[PDB]
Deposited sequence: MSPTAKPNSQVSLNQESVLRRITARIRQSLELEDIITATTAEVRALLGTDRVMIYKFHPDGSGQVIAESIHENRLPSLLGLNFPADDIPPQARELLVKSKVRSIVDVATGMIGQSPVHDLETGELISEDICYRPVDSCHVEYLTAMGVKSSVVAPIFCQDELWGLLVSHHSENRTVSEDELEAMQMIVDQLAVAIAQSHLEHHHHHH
């Protein structure tokens, strides 16, 4: 009756089984992730080869944040240090604007969230978008960084380990969808 991570994954798995078009899998899954997390805006961001990227799916609750679907953002928005954490540690990151802190959890039992001061450039970036809470988990295809699952909220909120676990399961299942689609299409 209520949405859980298990039922969201079961539907992604069925979509893969039916060989639905990958872009449609990504679009439909993004909407369920937003419903599951309850946040104002959930996006899937896909990297280009030069490290810039594009918002390729987006689900927004009640027009509470602007639509970024289709927009491109430069490589420099994610500096080398942050990018390295994504690639090598598969870090999940929670930004809390009100406290000026970022909480990071590698995948590598190292799944206790450790909070530290976040760079003011990134705080200012989020504030300009009207975002008070950001949660990001990277998406891989095989061993390569493919994109990001991004959750934005217009108000302060707390983020639990269970929520990061749900996001991690979802990006792991999307990785399977992406790899299977590549295999099916040559």
Fill in the blank from the handout: In deposited-sequence numbering, the unmodelled segments run 1-10, 119-125, 204-207
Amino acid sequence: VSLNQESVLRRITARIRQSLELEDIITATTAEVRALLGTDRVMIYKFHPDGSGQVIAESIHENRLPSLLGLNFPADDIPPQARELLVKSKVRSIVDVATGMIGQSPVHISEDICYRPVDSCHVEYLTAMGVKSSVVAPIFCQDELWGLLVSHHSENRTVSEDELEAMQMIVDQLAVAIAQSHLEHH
From here on, numbers count along this sequence of modelled residues.
Exercise for the section: Tell me which of 92-100 and 110-118 has the higher mean C-alpha B-factor in the deposited entry. Expected result: 110-118
Exercise for the section: Averaging only over Cα atoms, indicate whether 142-150 or 28-36 has the higher B-factor in the PDB entry. Expected result: 142-150
Problem - Residue with highest C-alpha B-factor in the PDB entry, from 133, 127, 54, 67 - result: 67
Fill in the blank from the handout: In terms of its chain's C-alpha B-factors, the third that includes residue 158 is the middle
Handout entry: Among modelled residues of the same chain, the CA temperature factor third for residue 46
Key = middle
Practice task
Divide the modelled residues of the chain into thirds by Cα B-factor and specify which third, lowest, middle or highest, holds residue 1.
Solution key: highest
